[PDB]
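A.B. asks: First, the structure itself, so that you have it in front of you.
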Amino acid sequence: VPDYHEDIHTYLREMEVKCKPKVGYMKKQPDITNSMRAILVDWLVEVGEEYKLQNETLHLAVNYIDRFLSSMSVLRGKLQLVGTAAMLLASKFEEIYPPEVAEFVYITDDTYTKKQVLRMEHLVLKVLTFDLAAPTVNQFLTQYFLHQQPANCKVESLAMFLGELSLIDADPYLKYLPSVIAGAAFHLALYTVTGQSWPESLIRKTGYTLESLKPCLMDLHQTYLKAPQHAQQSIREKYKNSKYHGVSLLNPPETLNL
Amino acid sequence: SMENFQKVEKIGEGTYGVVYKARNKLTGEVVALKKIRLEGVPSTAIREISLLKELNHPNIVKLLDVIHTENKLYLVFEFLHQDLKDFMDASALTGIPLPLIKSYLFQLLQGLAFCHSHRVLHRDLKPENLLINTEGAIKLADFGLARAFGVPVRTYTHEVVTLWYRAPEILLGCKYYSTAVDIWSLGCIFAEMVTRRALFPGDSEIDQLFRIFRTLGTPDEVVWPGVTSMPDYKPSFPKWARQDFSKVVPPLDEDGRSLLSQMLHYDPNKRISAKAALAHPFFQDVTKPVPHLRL
Ligand SMILES: O=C1N=C(NCc2cccs2)S/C1=C/c1ccc2ncccc2c1
């Protein structure tokens, strides 16, 4: 635990508020829906799997898209282009070895040209005013993981799985901050695997009580229970892999006793 | 908009792009312009802009504007006077007094503490990337090689940092490195300012390591737990004794030697943080002396 853990947590809490997308933007979108966004985010999950990208890169891309769509109307035939440009930018930001532009053009089944992707990258950058270092659910989770007594790999992968599922459904997860989703996902993962709850040390670090996380927790518990029946399945498929300790094969709890 | 700027001269090339001196025709403000010609927008530029927009501190170069056009990208910075490498090249042997060095190090540690507190690793701290003004200020510049790190860190890009200023954990290939790498660089720079020559001027990775070992001793398990298990550690490494810091940096006082020692500790988590270094007795009498004006 470095000399900067507290400073960083505090800073990320400030920045998550400033980086927050507009909660009700989908209503103001004339052509796209939450369902269409769910299809996009599920597809980005596949792209991340194909090119072995960091989960963080995935979380960053989704943040960029939601912020972009918070001020920019996009026709349905152009949503994937926005998504491709966002994944490219997230990759340049976060990855040691980003996939090349030509590789992003390839996984868009040649719907778009290289020039289009490049021009969309420029526009995304303009709209986001080059502000790409956004806090994510993932960034809060890795901080929360340091409070395990002791560390449990299955809990870690389950938390990341749950937090990843929240990316798919703008309704309702758009209203929740990354730090809150991470708290809900960590508690839910901790409960499912060990039986333990949101720990006291995190209550004191975050200022979040079980009660304060309850709204998000109730939603996340439901997404978890309904996950096998969800239209989008790439995250469950992903989290079957031994790399994530096959946590999507684990049984969700029947009740949380809140 | 580039209309309001009149370019004066080319200064050089950074981590990426080319740096020019320019003047705002309307305000009179002298600025530095970092031009990039447009694989899309480079990772280095994306990182520098995003992070430098977040970082507002007296000892971090101020990014004033981003001029974003179809074929060219300009970053607009405040212009200061000169980079530290040029300052040292322009300085006579006695030209950089200890009080100025102490002031510069104090300020660099402030700038770095700020970076690290805001989850940013610089990863290219060397004299060329440090800028001085005529009033005694020094600032971190060129964040092209920087990145936003996580808590705890993942494995990031290997072989980072200009060779002479590169920490032993990078050289020995450790899976993880973090904030400690920037402190190592600053320590090398500290010694360089005092002695007026680079501390470890290696020409290859092994030469770099062997130079470090001859000054600080060859690390073993006692000084650096886990060192013998590190990927690029070799049991055939020659054994050298650590030397007295009175001999490594002769002009330096007892407090100075103490601080340098803590900045060049082998073990990254025993190595002093920028935050903790600000309270070191070396800075008890720190002022803000003014440098000479020679270019
Ligand atoms: O000085 C800068 N250096 C950068 N990267 C490496 C280089 C050092 C010298 C030439 S290139 S980016 C940068 C911006 C900048 C801002 C203010 C300045 N004031 C005076 C002199 C150079 C300046 C450069």
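Following the order of the structure tokens, chains are lettered A, B, ..., residues in each are numbered from 1, and ligands are numbered from 1.
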At a cut-off of 9 Å, using only C-alpha atoms, what residues contact residue 183 of chain B? Leave out same-chain residues fewer than 5 positions from it and give the result as a list in words.

C.D. replies: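 So the residues in contact are residues 109, 112, 125, 167, 188, 263, 264, 271, 272, 273 and 274 of chain B.
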
A.B. asks: Please dump the current selection as an mmCIF file, in the first residue's frame; keep N, CA, C and O atoms.

C.D. replies:
```cif
data_model
loop_
_atom_site.group_PDB
_atom_site.id
_atom_site.type_symbol
_atom_site.label_atom_id
_atom_site.label_comp_id
_atom_site.auth_asym_id
_atom_site.auth_seq_id
_atom_site.Cartn_x
_atom_site.Cartn_y
_atom_site.Cartn_z
ATOM 1 N N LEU B 109 10.498 17.553 -6.937
ATOM 2 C CA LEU B 109 9.809 16.635 -6.027
ATOM 3 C C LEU B 109 8.358 17.036 -5.787
ATOM 4 O O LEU B 109 7.483 16.170 -5.705
ATOM 5 N N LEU B 112 6.521 16.085 -9.040
ATOM 6 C CA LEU B 112 6.423 14.631 -9.103
ATOM 7 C C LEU B 112 5.441 14.050 -8.081
ATOM 8 O O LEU B 112 4.669 13.129 -8.399
ATOM 9 N N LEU B 125 12.017 11.216 -16.976
ATOM 10 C CA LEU B 125 12.658 12.321 -16.275
ATOM 11 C C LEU B 125 14.158 12.317 -16.561
ATOM 12 O O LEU B 125 14.883 11.400 -16.164
ATOM 13 N N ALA B 167 15.678 2.974 -13.768
ATOM 14 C CA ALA B 167 15.742 2.281 -12.470
ATOM 15 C C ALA B 167 16.124 0.804 -12.602
ATOM 16 O O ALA B 167 15.837 0.188 -13.617
ATOM 17 N N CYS B 188 19.318 10.437 -9.930
ATOM 18 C CA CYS B 188 20.379 10.522 -10.947
ATOM 19 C C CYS B 188 20.589 11.971 -11.386
ATOM 20 O O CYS B 188 21.721 12.405 -11.567
ATOM 21 N N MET B 263 16.777 8.113 -2.306
ATOM 22 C CA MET B 263 16.275 8.183 -3.670
ATOM 23 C C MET B 263 16.845 7.071 -4.580
ATOM 24 O O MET B 263 16.222 6.707 -5.589
ATOM 25 N N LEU B 264 18.017 6.545 -4.225
ATOM 26 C CA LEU B 264 18.674 5.493 -5.015
ATOM 27 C C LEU B 264 18.683 4.123 -4.317
ATOM 28 O O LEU B 264 19.494 3.249 -4.638
ATOM 29 N N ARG B 271 12.440 2.751 -1.338
ATOM 30 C CA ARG B 271 12.846 4.003 -1.967
ATOM 31 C C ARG B 271 11.890 5.129 -1.566
ATOM 32 O O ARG B 271 10.668 4.938 -1.531
ATOM 33 N N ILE B 272 12.455 6.290 -1.246
ATOM 34 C CA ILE B 272 11.664 7.419 -0.739
ATOM 35 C C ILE B 272 10.676 7.943 -1.789
ATOM 36 O O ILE B 272 11.015 8.046 -2.970
ATOM 37 N N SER B 273 9.446 8.219 -1.359
ATOM 38 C CA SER B 273 8.444 8.827 -2.232
ATOM 39 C C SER B 273 8.707 10.324 -2.338
ATOM 40 O O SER B 273 9.314 10.917 -1.440
ATOM 41 N N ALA B 274 8.259 10.926 -3.434
ATOM 42 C CA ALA B 274 8.389 12.375 -3.621
ATOM 43 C C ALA B 274 7.752 13.145 -2.454
ATOM 44 O O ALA B 274 8.331 14.102 -1.942
#
```

A.B. asks: For chain A, list the residues within 6 Å of chain B, counting only C-alpha atoms, and write the list as a ChimeraX atom specification.

C.D. replies: /A:4,7-8,92,96,101,118,130-132,143

A.B. asks: Once you have the residues from the selection above, write them out as an mmCIF file, in the first residue's frame, restricted to C-alpha atoms.

C.D. replies:
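Below is the file selection36.cif, written as the result:
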```
data_model
loop_
_atom_site.group_PDB
_atom_site.id
_atom_site.type_symbol
_atom_site.label_atom_id
_atom_site.label_comp_id
_atom_site.auth_asym_id
_atom_site.auth_seq_id
_atom_site.Cartn_x
_atom_site.Cartn_y
_atom_site.Cartn_z
ATOM 1 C CA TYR A 4 -0.432 7.628 -2.647
ATOM 2 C CA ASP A 7 -4.694 10.614 -2.767
ATOM 3 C CA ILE A 8 -5.530 8.545 -5.851
ATOM 4 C CA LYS A 92 -4.067 3.700 -27.637
ATOM 5 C CA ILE A 96 1.004 -1.672 -24.283
ATOM 6 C CA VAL A 101 -6.141 0.725 -37.257
ATOM 7 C CA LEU A 118 -9.786 7.956 -38.456
ATOM 8 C CA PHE A 130 -9.187 14.964 -25.318
ATOM 9 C CA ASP A 131 -10.234 14.074 -21.760
ATOM 10 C CA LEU A 132 -9.640 10.333 -21.882
ATOM 11 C CA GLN A 143 -8.478 -0.810 -5.068
#
```

A.B. asks: Identify, counting only C-alpha atoms and all ligand atoms, the protein, DNA and RNA residues located within 7 Å of ligand 1, and give them as a list in words.

C.D. replies: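 The residues within 7 Å of ligand 1, counting only C-alpha atoms and all ligand atoms, are residues 11, 12, 13, 14, 15, 18, 19, 31, 32, 34, 61, 77, 78, 79, 80, 81, 82, 83, 128, 129, 131, 141 and 142 of chain B.
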
A.B. asks: When you look at residue 209 of chain B with a cut-off of 7 Å (counting only C-alpha atoms), what residues show up, excluding the ones that are within fewer than 4 positions of it in the same chain? I need them as a list in words.

C.D. replies: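 The neighbour list is residues 168, 205 and 213 of chain B.
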
A.B. asks: Suppose you want the space between atom CA of residue 9 of chain A and atom CA of residue 215 of chain A; what is it in Å?

C.D. replies: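 Taking atom CA of residue 9 of chain A and atom CA of residue 215 of chain A, their separation equals 22.4 Å.
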
A.B. asks: Between atom CA of residue 228 of chain B and atom CA of residue 166 of chain B, what distance in Å does the model show, to one decimal?

C.D. replies: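 If I compute the distance from atom CA of residue 228 of chain B to atom CA of residue 166 of chain B, I get 19.2 Å.
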
A.B. asks: Using atom CA of residue 97 of chain A and atom CA of residue 54 of chain A as the two end points, give the distance in Å to one decimal.

C.D. replies: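 Between atom CA of residue 97 of chain A and atom CA of residue 54 of chain A the gap works out to 10.6 Å.
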
A.B. asks: Using backbone DSSP assignments, extract all helix (DSSP H, G or I) residues from segment 156-265 of chain B; output them as a JSON list (two decimals) with N, CA and C atoms, in the first residue's frame.

C.D. replies:
```
[["chain", "number", "residue", "atom", "x", "y", "z"],
["B", 163, "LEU", "N", 18.02, 5.48, -20.91],
["B", 163, "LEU", "CA", 18.91, 4.50, -20.26],
["B", 163, "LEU", "C", 19.65, 5.00, -19.01],
["B", 164, "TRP", "N", 20.30, 6.17, -19.10],
["B", 164, "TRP", "CA", 21.10, 6.70, -17.98],
["B", 164, "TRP", "C", 20.30, 6.92, -16.70],
["B", 165, "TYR", "N", 18.99, 7.08, -16.86],
["B", 165, "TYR", "CA", 18.10, 7.48, -15.77],
["B", 165, "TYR", "C", 17.12, 6.36, -15.38],
["B", 168, "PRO", "N", 16.78, 0.23, -11.57],
["B", 168, "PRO", "CA", 17.21, -1.17, -11.67],
["B", 168, "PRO", "C", 16.07, -2.19, -11.80],
["B", 169, "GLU", "N", 14.87, -1.85, -11.30],
["B", 169, "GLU", "CA", 13.72, -2.75, -11.44],
["B", 169, "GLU", "C", 13.25, -2.89, -12.89],
["B", 170, "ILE", "N", 13.44, -1.83, -13.68],
["B", 170, "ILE", "CA", 13.17, -1.89, -15.12],
["B", 170, "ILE", "C", 14.26, -2.72, -15.82],
["B", 171, "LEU", "N", 15.51, -2.47, -15.46],
["B", 171, "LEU", "CA", 16.65, -3.18, -16.03],
["B", 171, "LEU", "C", 16.63, -4.67, -15.73],
["B", 180, "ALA", "N", 8.26, 4.65, -7.94],
["B", 180, "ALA", "CA", 9.68, 4.61, -7.59],
["B", 180, "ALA", "C", 10.62, 4.85, -8.78],
["B", 181, "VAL", "N", 10.19, 4.53, -10.00],
["B", 181, "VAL", "CA", 11.07, 4.70, -11.18],
["B", 181, "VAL", "C", 11.38, 6.18, -11.44],
["B", 182, "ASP", "N", 10.40, 7.04, -11.19],
["B", 182, "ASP", "CA", 10.58, 8.48, -11.38],
["B", 182, "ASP", "C", 11.52, 9.06, -10.31],
["B", 183, "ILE", "N", 11.41, 8.57, -9.08],
["B", 183, "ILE", "CA", 12.32, 8.98, -7.99],
["B", 183, "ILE", "C", 13.78, 8.62, -8.30],
["B", 184, "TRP", "N", 13.99, 7.42, -8.81],
["B", 184, "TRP", "CA", 15.33, 6.99, -9.25],
["B", 184, "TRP", "C", 15.88, 7.99, -10.26],
["B", 185, "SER", "N", 15.08, 8.32, -11.27],
["B", 185, "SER", "CA", 15.50, 9.28, -12.30],
["B", 185, "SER", "C", 15.91, 10.63, -11.69],
["B", 186, "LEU", "N", 15.08, 11.16, -10.79],
["B", 186, "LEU", "CA", 15.36, 12.41, -10.09],
["B", 186, "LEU", "C", 16.65, 12.37, -9.26],
["B", 187, "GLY", "N", 16.91, 11.23, -8.62],
["B", 187, "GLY", "CA", 18.15, 11.02, -7.87],
["B", 187, "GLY", "C", 19.38, 11.11, -8.78],
["B", 188, "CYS", "N", 19.32, 10.44, -9.93],
["B", 188, "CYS", "CA", 20.38, 10.52, -10.95],
["B", 188, "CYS", "C", 20.59, 11.97, -11.39],
["B", 189, "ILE", "N", 19.49, 12.71, -11.54],
["B", 189, "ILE", "CA", 19.53, 14.12, -11.96],
["B", 189, "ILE", "C", 20.12, 15.00, -10.86],
["B", 190, "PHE", "N", 19.72, 14.74, -9.61],
["B", 190, "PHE", "CA", 20.28, 15.40, -8.44],
["B", 190, "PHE", "C", 21.81, 15.28, -8.45],
["B", 191, "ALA", "N", 22.33, 14.06, -8.49],
["B", 191, "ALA", "CA", 23.77, 13.83, -8.56],
["B", 191, "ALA", "C", 24.42, 14.53, -9.76],
["B", 192, "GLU", "N", 23.75, 14.48, -10.91],
["B", 192, "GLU", "CA", 24.27, 15.12, -12.12],
["B", 192, "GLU", "C", 24.42, 16.64, -11.96],
["B", 193, "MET", "N", 23.45, 17.28, -11.32],
["B", 193, "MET", "CA", 23.51, 18.73, -11.09],
["B", 193, "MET", "C", 24.67, 19.10, -10.18],
["B", 194, "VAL", "N", 24.92, 18.26, -9.17],
["B", 194, "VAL", "CA", 25.98, 18.51, -8.20],
["B", 194, "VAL", "C", 27.37, 18.28, -8.80],
["B", 195, "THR", "N", 27.55, 17.13, -9.45],
["B", 195, "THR", "CA", 28.86, 16.73, -9.99],
["B", 195, "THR", "C", 29.11, 17.26, -11.40],
["B", 205, "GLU", "N", 22.17, -2.09, -21.59],
["B", 205, "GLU", "CA", 21.50, -2.51, -20.36],
["B", 205, "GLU", "C", 22.47, -3.08, -19.32],
["B", 206, "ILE", "N", 23.36, -3.97, -19.75],
["B", 206, "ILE", "CA", 24.30, -4.61, -18.82],
["B", 206, "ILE", "C", 25.34, -3.61, -18.30],
["B", 207, "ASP", "N", 25.76, -2.69, -19.17],
["B", 207, "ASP", "CA", 26.72, -1.65, -18.82],
["B", 207, "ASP", "C", 26.08, -0.72, -17.80],
["B", 208, "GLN", "N", 24.82, -0.38, -18.04],
["B", 208, "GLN", "CA", 24.02, 0.43, -17.12],
["B", 208, "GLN", "C", 23.94, -0.22, -15.74],
["B", 209, "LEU", "N", 23.59, -1.50, -15.69],
["B", 209, "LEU", "CA", 23.52, -2.24, -14.42],
["B", 209, "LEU", "C", 24.86, -2.28, -13.70],
["B", 210, "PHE", "N", 25.92, -2.64, -14.42],
["B", 210, "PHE", "CA", 27.26, -2.77, -13.84],
["B", 210, "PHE", "C", 27.77, -1.43, -13.31],
["B", 211, "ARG", "N", 27.43, -0.33, -13.99],
["B", 211, "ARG", "CA", 27.73, 1.01, -13.49],
["B", 211, "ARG", "C", 27.00, 1.31, -12.18],
["B", 212, "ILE", "N", 25.74, 0.93, -12.11],
["B", 212, "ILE", "CA", 24.95, 1.12, -10.90],
["B", 212, "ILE", "C", 25.54, 0.30, -9.74],
["B", 213, "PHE", "N", 25.90, -0.95, -10.02],
["B", 213, "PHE", "CA", 26.44, -1.85, -8.99],
["B", 213, "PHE", "C", 27.76, -1.36, -8.43],
["B", 214, "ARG", "N", 28.61, -0.76, -9.27],
["B", 214, "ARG", "CA", 29.91, -0.26, -8.81],
["B", 214, "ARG", "C", 29.79, 0.93, -7.85],
["B", 215, "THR", "N", 28.68, 1.65, -7.93],
["B", 215, "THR", "CA", 28.42, 2.78, -7.04],
["B", 215, "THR", "C", 27.68, 2.34, -5.78],
["B", 216, "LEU", "N", 26.66, 1.51, -5.95],
["B", 216, "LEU", "CA", 25.74, 1.19, -4.86],
["B", 216, "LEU", "C", 25.95, -0.20, -4.26],
["B", 227, "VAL", "N", 15.46, -10.07, -5.30],
["B", 227, "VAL", "CA", 16.34, -9.66, -6.40],
["B", 227, "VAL", "C", 16.93, -10.83, -7.20],
["B", 228, "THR", "N", 17.30, -11.91, -6.51],
["B", 228, "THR", "CA", 17.93, -13.07, -7.15],
["B", 228, "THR", "C", 16.94, -13.90, -7.98],
["B", 229, "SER", "N", 15.65, -13.64, -7.79],
["B", 229, "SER", "CA", 14.58, -14.30, -8.56],
["B", 229, "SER", "C", 14.09, -13.46, -9.75],
["B", 245, "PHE", "N", 29.11, 7.79, 0.06],
["B", 245, "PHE", "CA", 28.47, 8.85, -0.72],
["B", 245, "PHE", "C", 29.24, 10.17, -0.68],
["B", 246, "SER", "N", 30.12, 10.30, 0.31],
["B", 246, "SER", "CA", 31.10, 11.39, 0.34],
["B", 246, "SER", "C", 32.00, 11.32, -0.90],
["B", 247, "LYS", "N", 32.14, 10.13, -1.47],
["B", 247, "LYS", "CA", 32.99, 9.92, -2.64],
["B", 247, "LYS", "C", 32.19, 9.87, -3.94],
["B", 248, "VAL", "N", 30.93, 9.44, -3.85],
["B", 248, "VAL", "CA", 30.02, 9.45, -5.01],
["B", 248, "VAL", "C", 29.68, 10.89, -5.40],
["B", 254, "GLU", "N", 25.97, 16.22, 4.60],
["B", 254, "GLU", "CA", 25.44, 15.00, 5.20],
["B", 254, "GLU", "C", 23.95, 14.77, 4.90],
["B", 255, "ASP", "N", 23.15, 15.83, 4.97],
["B", 255, "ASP", "CA", 21.72, 15.75, 4.64],
["B", 255, "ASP", "C", 21.49, 15.43, 3.16],
["B", 256, "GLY", "N", 22.30, 16.04, 2.29],
["B", 256, "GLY", "CA", 22.22, 15.78, 0.86],
["B", 256, "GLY", "C", 22.53, 14.34, 0.50],
["B", 257, "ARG", "N", 23.59, 13.80, 1.10],
["B", 257, "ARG", "CA", 23.99, 12.41, 0.91],
["B", 257, "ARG", "C", 22.90, 11.47, 1.40],
["B", 258, "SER", "N", 22.28, 11.82, 2.52],
["B", 258, "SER", "CA", 21.18, 11.05, 3.08],
["B", 258, "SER", "C", 20.01, 10.97, 2.10],
["B", 259, "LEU", "N", 19.62, 12.12, 1.55],
["B", 259, "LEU", "CA", 18.49, 12.17, 0.63],
["B", 259, "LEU", "C", 18.78, 11.41, -0.66],
["B", 260, "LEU", "N", 19.97, 11.61, -1.23],
["B", 260, "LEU", "CA", 20.35, 10.89, -2.44],
["B", 260, "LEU", "C", 20.30, 9.38, -2.21],
["B", 261, "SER", "N", 20.82, 8.94, -1.07],
["B", 261, "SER", "CA", 20.80, 7.53, -0.69],
["B", 261, "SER", "C", 19.40, 6.94, -0.70],
["B", 262, "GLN", "N", 18.44, 7.68, -0.16],
["B", 262, "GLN", "CA", 17.06, 7.21, -0.07],
["B", 262, "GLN", "C", 16.36, 7.20, -1.43],
["B", 263, "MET", "N", 16.78, 8.11, -2.31],
["B", 263, "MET", "CA", 16.28, 8.18, -3.67],
["B", 263, "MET", "C", 16.85, 7.07, -4.58]]
```

A.B. asks: Hey, what's within 10 Å of residue 290 of chain B if we count only C-alpha atoms and toss same-chain stuff fewer than 3 positions away? As a PyMOL selection string, please?

C.D. replies: chain B and resi 99-100+103+133-137+287+293

A.B. asks: Pull the closest atom pair for each residue of segment 116-223 of chain A that gets at most 12 Å from segment 44-47 of chain A, along with the distance in Å to one decimal, counting only C-alpha atoms, ordering rows by chain and then ascending residue number, as JSON lines.

C.D. replies:
```
{"residue": "A:161", "atom": "CA", "partner": "A:45", "partner_atom": "CA", "distance": 11.6}
{"residue": "A:164", "atom": "CA", "partner": "A:45", "partner_atom": "CA", "distance": 9.1}
{"residue": "A:165", "atom": "CA", "partner": "A:45", "partner_atom": "CA", "distance": 10.3}
{"residue": "A:167", "atom": "CA", "partner": "A:45", "partner_atom": "CA", "distance": 9.9}
{"residue": "A:168", "atom": "CA", "partner": "A:45", "partner_atom": "CA", "distance": 9.6}
```

A.B. asks: Let me make sure I understand: among B:5, B:71, B:55, B:24, which one has the smallest atom-to-atom distance to residue 122 of chain A if we use only C-alpha atoms?

C.D. replies: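 Closest residue, counting only C-alpha atoms: B:71.
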
A.B. asks: Just the residues within 12 Å of segment 32-43 of chain A, please, counting only C-alpha atoms, with nothing from its chain fewer than 4 positions along; format it as an MDAnalysis selection string.

C.D. replies: chainID A and resid 24:28 47:50 58:66 69 72:84 86:87 107:108 164:174 230:238

A.B. asks: So that I have them on file, write out the residues from the current selection with C-alpha atoms, as a PDB file, in the first residue's frame.

C.D. replies:
```pdb
ATOM      1  CA  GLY A  24     -31.047  10.282 -19.541  1.00  0.00           C
ATOM      2  CA  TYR A  25     -29.363  10.746 -22.939  1.00  0.00           C
ATOM      3  CA  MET A  26     -30.981   7.723 -24.633  1.00  0.00           C
ATOM      4  CA  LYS A  27     -34.397   9.424 -24.445  1.00  0.00           C
ATOM      5  CA  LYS A  28     -32.968  12.379 -26.402  1.00  0.00           C
ATOM      6  CA  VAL A  47     -13.412  -7.481 -29.853  1.00  0.00           C
ATOM      7  CA  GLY A  48     -11.592  -7.297 -26.499  1.00  0.00           C
ATOM      8  CA  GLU A  49     -11.549 -11.099 -26.399  1.00  0.00           C
ATOM      9  CA  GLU A  50     -10.327 -11.485 -29.989  1.00  0.00           C
ATOM     10  CA  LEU A  58     -13.280  -2.159 -22.469  1.00  0.00           C
ATOM     11  CA  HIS A  59     -14.460  -0.026 -19.533  1.00  0.00           C
ATOM     12  CA  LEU A  60     -12.758   3.063 -21.019  1.00  0.00           C
ATOM     13  CA  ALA A  61     -14.314   2.594 -24.473  1.00  0.00           C
ATOM     14  CA  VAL A  62     -17.805   2.382 -22.935  1.00  0.00           C
ATOM     15  CA  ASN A  63     -17.177   5.563 -20.931  1.00  0.00           C
ATOM     16  CA  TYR A  64     -16.110   7.361 -24.133  1.00  0.00           C
ATOM     17  CA  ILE A  65     -19.179   6.166 -26.066  1.00  0.00           C
ATOM     18  CA  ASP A  66     -21.673   7.153 -23.348  1.00  0.00           C
ATOM     19  CA  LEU A  69     -23.741   9.993 -27.061  1.00  0.00           C
ATOM     20  CA  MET A  72     -24.135  13.752 -30.083  1.00  0.00           C
ATOM     21  CA  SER A  73     -27.099  12.230 -31.921  1.00  0.00           C
ATOM     22  CA  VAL A  74     -26.011   9.160 -33.905  1.00  0.00           C
ATOM     23  CA  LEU A  75     -28.009   7.185 -36.504  1.00  0.00           C
ATOM     24  CA  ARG A  76     -28.117   3.408 -35.873  1.00  0.00           C
ATOM     25  CA  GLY A  77     -25.975   2.645 -38.946  1.00  0.00           C
ATOM     26  CA  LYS A  78     -23.207   4.798 -37.452  1.00  0.00           C
ATOM     27  CA  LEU A  79     -23.249   3.557 -33.847  1.00  0.00           C
ATOM     28  CA  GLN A  80     -20.687   0.813 -34.544  1.00  0.00           C
ATOM     29  CA  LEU A  81     -18.357   3.438 -36.066  1.00  0.00           C
ATOM     30  CA  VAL A  82     -18.550   5.485 -32.843  1.00  0.00           C
ATOM     31  CA  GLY A  83     -17.875   2.252 -30.910  1.00  0.00           C
ATOM     32  CA  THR A  84     -14.916   1.309 -33.131  1.00  0.00           C
ATOM     33  CA  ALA A  86     -13.809   4.606 -28.974  1.00  0.00           C
ATOM     34  CA  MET A  87     -12.194   1.156 -28.708  1.00  0.00           C
ATOM     35  CA  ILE A 107     -13.607  -6.532 -37.245  1.00  0.00           C
ATOM     36  CA  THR A 108     -16.205  -4.020 -38.471  1.00  0.00           C
ATOM     37  CA  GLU A 164     -18.671  -5.959 -16.645  1.00  0.00           C
ATOM     38  CA  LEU A 165     -22.332  -7.037 -16.896  1.00  0.00           C
ATOM     39  CA  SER A 166     -23.334  -3.503 -15.762  1.00  0.00           C
ATOM     40  CA  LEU A 167     -21.696  -2.044 -18.889  1.00  0.00           C
ATOM     41  CA  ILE A 168     -24.307  -3.739 -21.095  1.00  0.00           C
ATOM     42  CA  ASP A 169     -27.463  -2.175 -19.617  1.00  0.00           C
ATOM     43  CA  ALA A 170     -27.615   1.651 -19.677  1.00  0.00           C
ATOM     44  CA  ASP A 171     -30.975   1.277 -17.951  1.00  0.00           C
ATOM     45  CA  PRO A 172     -30.356   1.157 -15.045  1.00  0.00           C
ATOM     46  CA  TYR A 173     -26.553   1.380 -14.614  1.00  0.00           C
ATOM     47  CA  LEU A 174     -26.068   4.801 -16.209  1.00  0.00           C
ATOM     48  CA  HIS A 230     -30.033 -12.010 -21.243  1.00  0.00           C
ATOM     49  CA  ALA A 231     -30.029 -11.370 -25.006  1.00  0.00           C
ATOM     50  CA  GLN A 232     -26.311 -10.575 -24.856  1.00  0.00           C
ATOM     51  CA  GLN A 233     -24.100 -13.494 -23.785  1.00  0.00           C
ATOM     52  CA  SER A 234     -20.467 -12.599 -24.606  1.00  0.00           C
ATOM     53  CA  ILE A 235     -19.554 -11.657 -21.013  1.00  0.00           C
ATOM     54  CA  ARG A 236     -20.810 -14.990 -19.605  1.00  0.00           C
ATOM     55  CA  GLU A 237     -18.916 -16.808 -22.389  1.00  0.00           C
ATOM     56  CA  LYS A 238     -15.791 -14.771 -21.595  1.00  0.00           C
TER      57      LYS A 238
END
```

A.B. asks: Skipping near chain neighbours, those fewer than 6 positions away, what residues fall within 9 Å of residue 224 of chain B using only C-alpha atoms, listed as a ChimeraX atom specification?

C.D. replies: /B:265-268

A.B. asks: From the set A:246, A:16, A:68, A:214, which residue has the shortest atom-to-atom contact distance to residue 126 of chain A, counting only C-alpha atoms?

C.D. replies: A:68

A.B. asks: Applying 12 Å and only C-alpha atoms, which residues near residue 149 of chain A remain after dropping the ones on its own chain fewer than 6 positions away? List them as a PyMOL selection string.

C.D. replies: chain A and resi 155+190+194+196-202

A.B. asks: Store the residues picked out above, limited to N, CA and C atoms, as a compact mmCIF listing (two decimals), in the first residue's frame.

C.D. replies:
```txt
# COMPACT_ATOMS: atom_id res chain seq x y z
N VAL A 155 -13.41 -14.42 -5.99
CA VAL A 155 -14.11 -13.18 -5.64
C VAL A 155 -13.72 -12.06 -6.60
N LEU A 190 -18.27 -11.11 -3.05
CA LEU A 190 -17.82 -11.54 -1.73
C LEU A 190 -18.87 -12.41 -1.05
N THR A 194 -17.84 -16.42 -0.53
CA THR A 194 -17.42 -16.68 0.86
C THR A 194 -18.55 -16.60 1.89
N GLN A 196 -19.26 -13.61 3.17
CA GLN A 196 -18.90 -12.35 3.81
C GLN A 196 -19.53 -11.15 3.10
N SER A 197 -19.48 -9.99 3.75
CA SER A 197 -20.11 -8.78 3.23
C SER A 197 -19.13 -7.63 3.04
N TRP A 198 -19.58 -6.61 2.31
CA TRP A 198 -18.90 -5.32 2.17
C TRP A 198 -18.20 -5.08 3.51
N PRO A 199 -16.86 -4.95 3.48
CA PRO A 199 -16.04 -4.98 4.69
C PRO A 199 -16.01 -3.60 5.34
N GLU A 200 -15.80 -3.59 6.66
CA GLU A 200 -15.71 -2.35 7.44
C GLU A 200 -14.64 -1.39 6.92
N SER A 201 -13.46 -1.92 6.59
CA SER A 201 -12.35 -1.09 6.10
C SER A 201 -12.71 -0.30 4.83
N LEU A 202 -13.52 -0.89 3.96
CA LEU A 202 -14.01 -0.21 2.76
C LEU A 202 -15.13 0.79 3.06
```
